[PDB]
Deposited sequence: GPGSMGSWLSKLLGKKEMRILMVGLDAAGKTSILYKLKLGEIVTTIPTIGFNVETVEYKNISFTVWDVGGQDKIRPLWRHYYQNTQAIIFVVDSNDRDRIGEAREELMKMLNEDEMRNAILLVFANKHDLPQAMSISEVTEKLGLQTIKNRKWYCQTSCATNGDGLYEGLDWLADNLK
């Protein structure tokens, strides 16, 4: 479904970021679009890439030069650990910094509220409020619950992304 709408001749660049241990690597792997490749453009800055035909997913941790990899980004996936209540405030701050980058002003926002399987995970209502998504103007956004370990939620989120480019 989403695969159909994303594939083509023109490069499709997706940025997936979030705090460490949000589940970003696990998501890449569960997509099955090919090998996860790690590069280190500078020491301490680990970048994971999955490239399949015209589609690129670029992943790194935030909250710890970036502007280079923002070129022609069409979507931001922001992954959050729904169970990490102590760092939701940090996640909000890193998301808002991303959303103030002019280079990516026309990128749509998909938020995965990940680790939905966990007994004290925040609800999608809670994650949406605490990330301040309602405050977003002139950008399409969606927040989608996910479990990156069984893959629940991932295709639903990507389907929305593909439909709204």
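Unmodelled segments of the deposited chain, in sequence order: 1-6, 71-76, 178.
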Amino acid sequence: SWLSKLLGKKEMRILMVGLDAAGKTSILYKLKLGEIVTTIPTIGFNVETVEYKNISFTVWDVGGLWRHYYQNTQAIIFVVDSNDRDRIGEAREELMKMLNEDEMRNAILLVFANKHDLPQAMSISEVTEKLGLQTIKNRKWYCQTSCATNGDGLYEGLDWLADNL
From here on, numbers count along this sequence of modelled residues.
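For the pair 86-94 and 69-77, the mean B factor over Cα atoms is greater in 69-77.
Looking at 98-106 and 32-40 together, the entry lists the larger mean B-factor for 98-106, computed on C-alpha atoms. Among the modelled residues of its chain, residue 119 has a C-alpha B-factor that falls in the highest third, as given in the PDB entry.
In the deposited entry, the Cα temperature factor of residue 23 places it in the lowest third of its chain's modelled residues. Remark: residue 63 belongs to the middle third of its chain, ranked by C-alpha B-factor as recorded. Looking at the C-alpha B-factors along this chain, the one for residue 146 belongs to the middle third.
Compared with the other modelled residues of the chain, the Cα B-factor recorded for residue 128 ranks in the middle third.
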